[PDB]
Amino acid sequence: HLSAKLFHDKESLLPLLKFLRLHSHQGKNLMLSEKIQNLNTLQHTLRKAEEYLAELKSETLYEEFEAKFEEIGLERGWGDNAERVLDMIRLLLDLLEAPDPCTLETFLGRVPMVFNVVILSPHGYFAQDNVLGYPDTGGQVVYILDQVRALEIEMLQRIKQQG
Amino acid sequence: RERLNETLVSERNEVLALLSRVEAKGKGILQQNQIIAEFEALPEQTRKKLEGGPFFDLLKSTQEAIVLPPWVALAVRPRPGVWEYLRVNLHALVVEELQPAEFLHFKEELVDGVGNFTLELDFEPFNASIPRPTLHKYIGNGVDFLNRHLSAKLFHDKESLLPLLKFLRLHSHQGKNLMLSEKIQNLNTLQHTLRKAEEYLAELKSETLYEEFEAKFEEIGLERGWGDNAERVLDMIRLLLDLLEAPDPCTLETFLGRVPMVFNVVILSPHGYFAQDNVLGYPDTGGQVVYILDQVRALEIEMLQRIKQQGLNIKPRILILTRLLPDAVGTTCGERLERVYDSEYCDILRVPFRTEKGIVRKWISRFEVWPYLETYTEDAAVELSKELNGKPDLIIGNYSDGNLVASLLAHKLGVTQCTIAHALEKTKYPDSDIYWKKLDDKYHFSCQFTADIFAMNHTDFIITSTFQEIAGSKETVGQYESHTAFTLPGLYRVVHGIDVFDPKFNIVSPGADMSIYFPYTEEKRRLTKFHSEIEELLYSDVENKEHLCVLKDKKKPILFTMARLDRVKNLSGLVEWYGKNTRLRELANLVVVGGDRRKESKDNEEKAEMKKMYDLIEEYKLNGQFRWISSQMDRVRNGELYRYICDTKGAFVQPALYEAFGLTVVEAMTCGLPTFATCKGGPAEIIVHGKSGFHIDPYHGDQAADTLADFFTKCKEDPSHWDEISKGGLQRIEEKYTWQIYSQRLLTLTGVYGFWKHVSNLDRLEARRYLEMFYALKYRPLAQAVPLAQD
Amino acid sequence: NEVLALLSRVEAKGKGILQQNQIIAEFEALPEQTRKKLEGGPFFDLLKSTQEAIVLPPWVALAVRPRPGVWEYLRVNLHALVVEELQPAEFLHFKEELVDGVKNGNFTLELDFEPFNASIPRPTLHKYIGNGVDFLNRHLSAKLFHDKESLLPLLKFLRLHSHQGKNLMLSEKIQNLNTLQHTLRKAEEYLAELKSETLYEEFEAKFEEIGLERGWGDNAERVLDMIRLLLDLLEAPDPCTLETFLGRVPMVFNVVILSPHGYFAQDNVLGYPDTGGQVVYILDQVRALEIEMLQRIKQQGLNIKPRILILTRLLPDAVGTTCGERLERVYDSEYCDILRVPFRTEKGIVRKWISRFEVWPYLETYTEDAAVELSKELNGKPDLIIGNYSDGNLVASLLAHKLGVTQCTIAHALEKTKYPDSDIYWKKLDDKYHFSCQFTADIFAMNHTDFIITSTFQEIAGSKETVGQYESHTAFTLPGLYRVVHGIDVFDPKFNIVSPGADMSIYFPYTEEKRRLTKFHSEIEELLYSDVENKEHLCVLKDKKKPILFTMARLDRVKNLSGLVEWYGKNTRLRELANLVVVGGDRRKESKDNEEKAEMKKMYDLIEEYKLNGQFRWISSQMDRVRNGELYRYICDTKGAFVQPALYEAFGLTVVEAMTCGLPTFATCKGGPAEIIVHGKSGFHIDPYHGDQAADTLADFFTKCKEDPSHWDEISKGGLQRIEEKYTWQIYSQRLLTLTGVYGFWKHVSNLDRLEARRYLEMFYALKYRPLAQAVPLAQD
Ligand SMILES: O=c1ccn([C@@H]2O[C@H](COP(=O)(O)OP(=O)(O)O)[C@@H](O)[C@H]2O)c(=O)[nH]1
Ligand SMILES: O=c1ccn([C@@H]2O[C@H](COP(=O)(O)OP(=O)(O)O)[C@@H](O)[C@H]2O)c(=O)[nH]1
Ligand SMILES: O=c1ccn([C@@H]2O[C@H](COP(=O)(O)OP(=O)(O)O)[C@@H](O)[C@H]2O)c(=O)[nH]1
Ligand SMILES: OC[C@H]1O[C@](O)(CO)[C@@H](O)[C@@H]1O
Ligand SMILES: OC[C@H]1O[C@](O)(CO)[C@@H](O)[C@@H]1O
Ligand SMILES: OC[C@H]1O[C@](O)(CO)[C@@H](O)[C@@H]1O
Ligand SMILES: [K+]
Ligand SMILES: [K+]
Ligand SMILES: [K+]
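Chains as they are written, first to last, in the entry's author numbering: chain A, 165 to 327; chain B, 15 to 128, 131 to 807; chain C, 27 to 807.
Listed below in C-alpha cells is the structure:
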C-alpha cells in the first residue's frame with residue numbers, strides 16, 4: 165500500500181522527508197538536517213552524496229567523509245562505512261523514484277530508530293528466580309526475559325552498523 | 015540553469031577564460047566536438063591558462079562548440095539526459111542561455127542563413145502517461161519502472177484490474193482457448209474460481225499432470241496455459257490471486273512473463289545479403305545478420321521450454337523476413353524459404369522488392385531501399401500470412417528499414433512491437449543532420465532520420481546492446497540521446513525526438529555463439545583441420561584477390577582486424593597508423609580482413625576504401641609487414657582464425673570512427689585475444705580499460721599506434737602481461753555478454769509490454785495519429801523522391 | 027418482414043453504382059414500390075433517417091442519423107440480407123471506391139481529431155449544442171471547487187494580467203491563495219463601510235499596499251461586487267458566478283479581425299464578387315463591439331483606448347473604391363480602422379483582384395506582412411483575434427499561434443455544404459475551385475481555434491431531418507488526397523451560437539413615416555419604374571401598381587437567381603400577380619468572375635426565352651446600405667414580398683434585412699434561413715429544388731393577400747416579432763466579450779492537453795496545406 169501510495173505522489177513523499185528531518189535522539193540530530201527543506205534539495209543532496217561516495221574505498225569510516233556530509237545536509241545514521249552509507253542512500257533515492265515493497269521495508273527497517281524500549285507486564289510475580297509456577301507467573305514472564313535479551317543484541321548491532 | 019553560472023566566472027578568470035573563448039572564434043563559422051573544443055586553446059594554451067579551477071566545468075562537459083557570427087553557442091551536458099544550451103560572443107561579453115527550439119534556430123543559420133512556419137516535431141506532449149524516471153539507474157531499465165507503475169495502478173482499483181481479466185479472457189491462439197474461458201465475466205467470479213482451484217490443487221500430488229484435473233478446471237472456467245503439472249499450476253494460480261489482492265513489481269513481471277504469449281515471431285531485416293554462408297563481409301552484411309541468427313536460435317530454445325512448461329503442445333514458428341535477391345550468385349539469397357542452421361522452427365523468409373514494372377532484381381544499398389519498403393510491407397504481410405499458423409505474436413524490427421517496416425506491419429496486424437537499431441547513422445556520420453542537404457543524393461539521410469524518428473516512437477519497446485547506446489557516458493552523449501534535439505535545416509526541426517528516460521528502453525546484451533568462439537587454450541576443442549587453410553591465408557607468398565602483400569617474418573605476433581569495409585570502419589586509417597609507426601611495424605604484423613576483392617565492388621564507400629588501401633600499401637611500402645585478406649564468410653573457420661592470432665600472442669584492434677556495438681570485440685575477447693577497441697560508441701562500454709582490454713581514439717591514431725607498440729613491448733618483456741588481459745576479457749564476457757539470459761529477458765518484456773499496451777491504449781491514441789501523419793505526409797514523399805534502381 | 031427488404035434493396039440496386047440521398051433513397055424506393063409497403067414497422071425508420079446510401083454491386087452502405095450529432099454506419103448485401111455494423115472509416119472506403127475505383131492508399135492519411143479534443147467530457151444533449159460556454163462553465167466550476175491545485179491557475183492568471191506594462195487585478199505581492207484570501211476579506215470590510223459612489227482614486231492608495239491593482243471597478247460599489255464574486259469562486263464555485271467574474275475582468279482592448287478576400291470597404295462594393303454579407307456583418311460587428319468595449323473599460327475603472335483593426339487586402343487598382351488605401355476609419359466609430367496589406371511574392375506586390383477560391387498561395391506571406399503592419403498600428407498586442415471565412419480563419423490561426431492570442435473563428439459559410447458532393451467529387455472541381463486547399467484550411471482552423479461562433483443552430487447540427495454545416499464535416503473523404511474520420515464534433519463545447527442582426531438605424535418597419543427617407547424616392551422611382559434600359563437596369567416594368575417580388579444578392583451559381591427568374595418566367599399566374607425585381611451583378615463594368623459571368627448569360631437568355639420585358643426589372647448592384655434600407659421599405663409599400671431562392675444559404679442577412687423592414691419573406695429551406703423563418707408565422711420556406719412549386723406558393727400568398735389584405739399584415743408582423751426576439755446586435759457584443767474571457771482563461775487551464783492537438787495541427791498545416799496552397803497557380807499582372 166505504502167509502496168503504491170508513494171509512487172510519484174509528491175504530497176505523499178513529504179511525510180518521509182519530515183520523518184528523516186525531524187528524526188533525532190537525545191539531542192543528537194540524525195539522517196537529514198534542517199538544511200533540507202524539500203524533495204528537490206533532498207534529491208539533489210542525495211545524488212551529490214552518491215557521486216562522492218561512489219569513489220571512496222568501501223570500508224572508509226563515516227568520520228572521514230563526515231565533514232562534507234554535514235555541509236550538504238546529511239547527519240549521522242546512514243551507516244558506519246562508505247559501503248553501508250552508499251546502499252542506504254541508494255535505497256532512499258529509489259523510494260523517491262520507483263517505490264517497491266522490498267525497498268520500502270528494507271529502508272524503513274534500516275533507519276536507526278529503536279533505542280529506548282518500554283515493556284509492560286504488571287501482573288504476576290515477575291522476576292528471574294523463585295517465581296515460575298506461582299499463580300499468574302508463567303510463560304509470559306519466560307517469554308519476556310528471552311525477548312529483551314534477544315532484542316538487545318539486535319539493537320546494539322543495528323546501532324553499531326548505522327554508525 | 016547552474017552551468018550558466020560557472021561561466022559567469024569571467025569576473026574572476028576573465029583575461030584567461032575569454033582567451034579559450036577566443037581561440038575558438040579563431041576557428042570560425044563551424045562546429046567542433048570536445049576533441050576540438052577541449053584540445054583547442056585549452057591544451058594549445060599557455061600556462062596563462064591556469065583555468066583548472068571552476069571553468070573546466072563547462073569545457074570538460076560541453077558536447078559541441080558551434081562557431082558563428084560574433085556569437086558562439088555551446089552545448090553543455092551536466093549529466094546524461096540533461097541539457098543546457100548556451101551562447102556568449104567570442105571577445106565580447108553578455109552570454110545568455112538558450113531554449114532548445116532556439117538553440118536549433120542558431121544551428122540552422124549556420125547553413126542556410128535564415131521559412132517561418134517550417135515544421136517542428138515534438139514528442140514530449142504525446143507522452144505524458146506514465147511518469148518518467150529522473151534517476152540514472154532507470155535508463156535502459158524501463159521495464160522495471162513500468163512494472164512498478166503498473167503494480168501501483170493495479171493496487172486495489174476495481175476498474176483498474178478489469179484490463180488484466182479481459183486480457184486473459186480474450187487471450188487465445190489459433191482459435192484455441194488459453195488461461196481463462198468465457199465463463200468468467202467479472203473479478204468476483206475470477207476471485208472465486210481461482211480460489212476453488214487452489215483448494216482442489218493444493219490437495220493433489222506435486223507431479224500430477226494437468227490432464228487429470230483438466231476435467232474439473234474446464235468445468236470451473238479454466239482453460240490450458242497455467243502449467244504442465246500441478247506444482248506449476250498452483251504457483252501460477254497463486255501469482256494471479258496475488259495480483260488481484262496486493263500487486264507488486266516482482267509478481268506482475270513474473271506472472272506476465274509466464275503467461276503463454278509468444279508462439280509466432282516475425283523479424284524484419286530487409287537490406288543486405290542475409291544468409292548463413294557466403295555473405296558476411298559483403299556491403300551492408302555484417303553483425304546485424306550474425307546477431308539475428310544467434311538470436312533466433314536462442315529464442316527458439318527458450319520458447320520451446322516455456323511452451324512445454326505451461327502445458328501446451330503448440331509448435332513455434334520464427335520467420336526472418338528479408339529481401340529476395342534473385343541475382344546474387346553463390347548465395348541462397350534467391351530462395352524464398354530457408355531453414356536456419358541448427359533450429360527446428362526458425363526460417364528465413366525472402367520476399368522480393370517490386371514496382372508496377374515487376375520485381376526488382378539487383379542488390380540495393382541500405383541507403384537507397386526507401387522507395388521500396390512500403391510495398392515490401394504489403395507483400396511480406398501476405399507471405400508471412402501464408403507461412404504462419406495464426407498471426408504474429410511478436411514483431412521485432414531491425415535497423416532503419418527493418419524498423420520502418422516492422423512499424424507498418426505491426427500497425428497493420430495489431431501486434432506487439434520491438435525495435436533494435438543495431439546502429440544509428442546520425443552518430444556515425446557527424447553533422448550529417450545539420451549538413452544533411454549536401455549529403456542527400458548520396459546517403460539520402462533525410463529518409464533514414466525520418467524512418468528512425470518514426471519507428472523510435474512507434475515501437476512498443478526498444479532493445480539496446482549497451483547503456484552507451486542510450487545515454488552514453490558522463491563525458492559524451494549517447495546514440496539515442498543525440499536524437500532528442502537536432503535539426504535538418506530546410507526540412508524540419510526535432511525539438512524532442514526521444515527521451516533518454518523513456519520507460520520503453522531496455523538494455524539486453526547479446527553474446528557470441530560459444531560453440532564458434534571459445535578460449536584459444538582449450539586444445540581438445542581447437543579445429544586443427546583448419547590449420548593448413550589458415551597457414552595459407554596468413555603466410556603464403558601468393559598475392560591475389562583473396563589476399564594482398566605478404567608476411568616476410570612468420571613468427572611475429574599478429575595485429576589483427578576484421579570488418580565490413582566502409583569509411584566509418586576506418587580500416588584504411590589503421591593501415592596508416594601502422595604504416596607510420598616504425599617501432600610497431602618492428603614488433604608485429606598487420607593483418608586486415610575486409611572487403612571482397614573476388615568480385616568488382618558495387619558499394620561507394622567500399623570502392624573508395626579499396627582505393628586508399630591500394631595506395632597506402634605503396635606509400636608506406638607495407639609489403640612484408642602487412643597482409644590484406646578478403647572477406648571471410650565462414651564463422652566456424654573465423655573462430656579458429658581468432659584463436660590462431662592468440663597462438664602468435666597478438667592483439668585485435670578495432671579502429672572505427674564510431675562503432676554502434678562491435679560483435680568482433682565480443683568475439684575476440686571470447687577467444688581470449690587481447691583487444692584494443694575504439695572509444696567511440698559501444699566498445700567504450702564493452703571494455704574496461706586496462707582490465708578487460710584497452711581503448712584507443714580513432715581521432716588520434718598515431719597515439720593508438722604507439723599504445724599498441726607499448727603493449728607488445730611489455731608482453732615481450734613480461735609474457736604474463738598478455739595472459740593478464742586475455743583473462744580480463746574472458747571474464748568481462750562471461751559476466752556481461754552471453755545469449756542465455758537474452759531470450760528469457762526478451763520474452764518477459766514482450767509479456768509485460770503486451771499487457772501494458774492494453775491498459776495504456778487510450779492515451780497513446782493521439783501519438784498514434786501524430787505518427788500516422790508523419791509517415792504519410794513526411795516519409796512517403798521523401799521516399800518517393802528517392803531514385804529507383806535500374807535493371 | 028424477411029421477404030420485403032430484399033425488394034427495396036433491389037429497387038435501390040437498380041439505380042446502379044451511385045449514392046442516393048433521402049430525397050431519393052426512400053423517396054423513390056419506399057412509395058414507388060407496390061402496396062407491399064406495409065412498412066409502418068421498425069425497418070422503415072432506419073431508412074427514413076438515412077442521410078445517404080452508397081450503392082456498389084454486391085453491397086449498399088448506409089449512413090444513419092437517428093438524432094442530430096449521432097451517426098451509425100451500416101452495410102447490407104442487396105441479397106442474403108445480413109446487415110453489418112460499419113466504422114466511419116469503413117463507410118468512407120465505399121465513397122473512395124465509388125470514385126477512384128479503389129479505396130485510398132492503405133497508408134494514406136486519415137485525419138482523426140477525436141483523441142485530441144477529448145480533454146473535457148462531451149455533452150450528449152441537444153440543448154448544449156451551440157451552448158458550449160454553458161457546459162465549459164459547469165466543468166471549470168467543478169474542477170475549481172475546493173481544489174487547491176485547481177485554484178492556482180486563477181491566481182496566476184489574475185496575477186500576470188497586464189496591459190501595456192500597466193498592472194491589473196492582483197500585483198506581484200500576492201503569491202498564494204492564503205494571502206489572496208486574507209487580502210480580499212481585508213478589502214471587503216474596507217469597501218463595505220464606504221459610500222457606494224466613492225471613486226477608485228480614494229481607496230487606490232490602500233489597495234496598492236495590500237496588492238490590489240486596477241480593474242476591479244470604477245467606483246466602490248463595483249469593486250465590492252467583484253471582490254465578493256472572487257471570494258465565492260475561492261469558496262464555493264458555481265457556473266453563473268464563474269462566468270460573470272470571468273466576463274467582468276477587463277480583457278479585450280486591442281481586437282484583430284481577419285477578412286482578406288473580396289473588395290472590403292464601406293461604399294461602392296457590395297454585390298461585387300466575393301463582397302457581401304461577410305463585409306456587412308463585420309462592419310456592424312466592430313461598431314457594436316467598440317461600444318461595449320468602451321462601456322466595459324470605463325466600468326472597470328480604466329482609461330485605455332481600444333483599437334479594432336479589420337485586416338484585408340490592399341487592391342491598388344480597384345477604382346471608385348477605397349480598397350487602395352492602407353488605413354480607413356469605420357464610419358460611426360472612434361476606434362475601428364480597416365487595415366489593408368497587399369498580396370506579394372518574390373516578384374513584388376500583386377495588384378489585381380483575386381477570387382476567394384484562388385488566394386491560397388498568398389495567405390502565408392500575407393500573415394507575415396499583416397503581423398508586421400498591425401504591430402505598427404496597435405499599442406500592445408492583440409487581446410482577441412477573429413477569423414472570418416476560410417482564408418480569414420486560416421490566417422487568423424497562424425497569427426494567433428505566432429502572437430499567442432485568444433482565437434475565435436466565424437465560418438460565414440462552408441463551401442462543402444454549398445457544393446454538394448464537392449468532397450467526394452473534389453478532383454474534377456479542383457482546377458476551378460481549389461477545394462482541396464479550402465477544405466484543408468476549414469478543417470485546420472475549425473480545430474485550431476479557441477472557440478467558434480455560429481449565427482444559427484442549424485449551422486452546427488442542422489435540423490431533425492437534415493445534417494448541419496459543421497456536422498457534415500465530422501466524417502467525409504477526398505478520394506486520392508486524404509480521409510477525415512472525425513473532423514469535428516457537433517457537441518464540441520467550443521461551439522457558440524451568437525446570432526447577428528441588421529443595423530437598426532438602417533432597417534426598420536416601413537410603417538414609421540417620420541423615419542422614411544423621402545429624399546431617396548426620386549432615385550428609387552427611376553430605379554424600379556423608368557423606361558430606360560441600360561447597364562444600371564435591364565428591361566422595364568409595364569404596370570407600376572402591381573406588388574413587387576423582390577430579391578437582391580451577389581450574383582453566382584449558388585445564389586440561384588437565374589433559377590428564380592425561370593420559376594417566375596414559367597408561371598403566368600405569378601406574373602400577373604406581381605413584378606419580379608432582381609438586384610444582382612454589376613453590369614457597369616466587365617465581369618471578371620467566373621460564376622458571375624456565366625450567371626449573367628443565363629440571365630440574359632432567360633429574358634429572351636420567357637419574354638420577360640414588362641414583368642421584369644434587372645437592377646445592378648446597389649452598393650449603398652442606406653438607400654437599400656429604403657428600397658426594402660418601398661417594396662413593402664407595394665405590398666410585395668422578398669424571396670431568397672438560394673440552392674444553399676449559410677445564414678442569409680438579406681432575409682433578416684427584409685423581415686426587419688416588415689417585408690414578408692419566402693426563403694430557401696436549405697441552410698440557415700430554415701431556422702430564421704417559421705413557416706406560416708415569420709414568413710415562408712420554399713424549396714429551391716422544386717422551383718415551380720416555389721412559384722405556385724408565391725402566387726398563392728399574393729392571391730390570398732388580394733382577397734384578404736390583412737393576411738399580408740399578419741406575416742409582416744410575424745417577421746418583425748421574430749427578429750425582435752432572435753436577431754439583434756445588442757447582446758452580441760456582451761456575449762462575444764464574455765466568451766473571450768471564459769475561453770481565454772480555459773486556455774491557461776487546459777493548455778497541457780492542447781499541446782498535443784497543437785503539434786498535430788502544426789504538421790497538418792506544414793505538410794498538407796502548404797504543399798496544396800503552393801500548387802495553386804499565381805495571378806499575373
Ligand atoms: O513450575 C513451573 C511451571 C512452569 N514453568 C515454565 O513456565 C513456562 C510456562 O509457559 P507456557 O506457555 O507453557 O504456559 P503459560 O504459563 O504461559 O500459560 C514454561 O517456560 C515452563 O517451563 C516452570 O518453569 N516451572
Ligand atoms: O569479413 C568478415 C567481416 C565480418 N565478419 C563478421 O561480421 C560481424 C561484424 O559485426 P560488428 O558488430 O563487429 O560490425 P557491423 O557489421 O555490425 O557493423 C562479426 O561477427 C564478424 O565476425 C566476418 O565474419 N567476416
Ligand atoms: O447588390 C447587393 C448585394 C448584396 N448586398 C448586401 O449584401 C449582404 C448579403 O448578405 P447575405 O448574408 O444575405 O448573403 P452573402 O453575400 O453573405 O452570401 C446584405 O447585407 C445585402 O443587403 C447589397 O447591399 N447589394
Ligand atoms: O493465561 C496465561 C497466563 O500465564 C502467563 O503466561 C503468565 O505466566 C500470562 O499470559 C497469563 O497470566
Ligand atoms: O551500420 C552497420 C551495418 O552493419 C550491420 O550490422 C549489418 O551487418 C547493420 O546494422 C548495418 O547494415
Ligand atoms: O461564401 C459566401 C461569400 O459571401 C460572403 O459572405 C461575403 O459577402 C463571404 O463569406 C463569401 O465570400
Ligand atoms: K533528522
Ligand atoms: K482465452
Ligand atoms: K496581475
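All C-beta atoms, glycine included, are put in the ideal place defined by N, C-alpha and C.
CB contact check: residue i to chain A, cutoff 7 angstroms
i: residue 71 (chain B); result: no
i: residue 515 (chain B); result: no
7 angstroms Cβ cutoff, residue i in contact with chain B
i: residue 208 (chain A); result: no
i: residue 545 (chain C); result: no
i: residue 171 (chain A); result: yes
i: residue 246 (chain A); result: no
Check whether residue i and residue j have beta carbons under 7 angstroms apart
i: residue 34 (chain B); j: residue 56 (chain B); result: yes
i: residue 200 (chain C); j: residue 279 (chain C); result: no
i: residue 216 (chain A); j: residue 244 (chain A); result: no
i: residue 689 (chain C); j: residue 661 (chain C); result: yes
Residue-level contact to chain C via CB, residue i, 7 angstroms cutoff
i: residue 789 (chain B); result: yes
i: residue 782 (chain B); result: yes
i: residue 426 (chain B); result: no
**OP:** Can you give me, in chain order, the residues of the stretch 252-265 of chain B that have a beta carbon less than 7 angstroms from any beta carbon in chain A?
**Re:** Under the 7 angstroms Cβ criterion, the stretch 252-265 of chain B contributes 264 and 265.
**OP:** Quick one: which residues of the stretch 395-411 of chain B get their C-beta closer than 7 angstroms to a C-beta of chain C? List them in chain order.
**Re:** For the stretch 395-411 of chain B, which is checked against every Cβ of chain C, not one residue is closer than 7 angstroms.
Original post:
What are the start and end residues of each continuous alpha helix (DSSP H) run of 4 or more residues lying completely inside the stretch 48-112 of chain B, in chain order?
Top reply: Complete alpha helix (DSSP H) runs here, min 4: 48-53, 55-58 and 70-74.
**OP:** Ignoring anything shorter than 4 residues or poking outside the stretch 236-302 of chain A, list the alpha helix (DSSP H) runs there in chain order.
**Re:** Entirely contained in the stretch 236-302 of chain A, the alpha helix (DSSP H) runs reaching 4 residues are, in chain order, 246-261 and 265-274.
**OP:** Return the residues of the stretch 131-148 of chain B that lie within a Cβ-Cβ distance of less than 9 angstroms from chain C, sorted by chain order.
**Re:** So the list reads 132, 133, 134, 135, 136, 137, 138, 139, 140, 141, 142 and 144, given in the order they occur along the chain.
Original post:
Taking any heavy atom of ligand 7 as the mark, which residues have a C-beta closer than 7 angstroms to it, listed down the chain?
Top reply: Close to ligand 7, as judged by a C-beta nearer than 7 angstroms to any of its heavy atoms, are the residues A:184, A:185, A:186, A:187, A:188, A:193, A:194, A:195, A:196, A:197 and A:239, in chain order.
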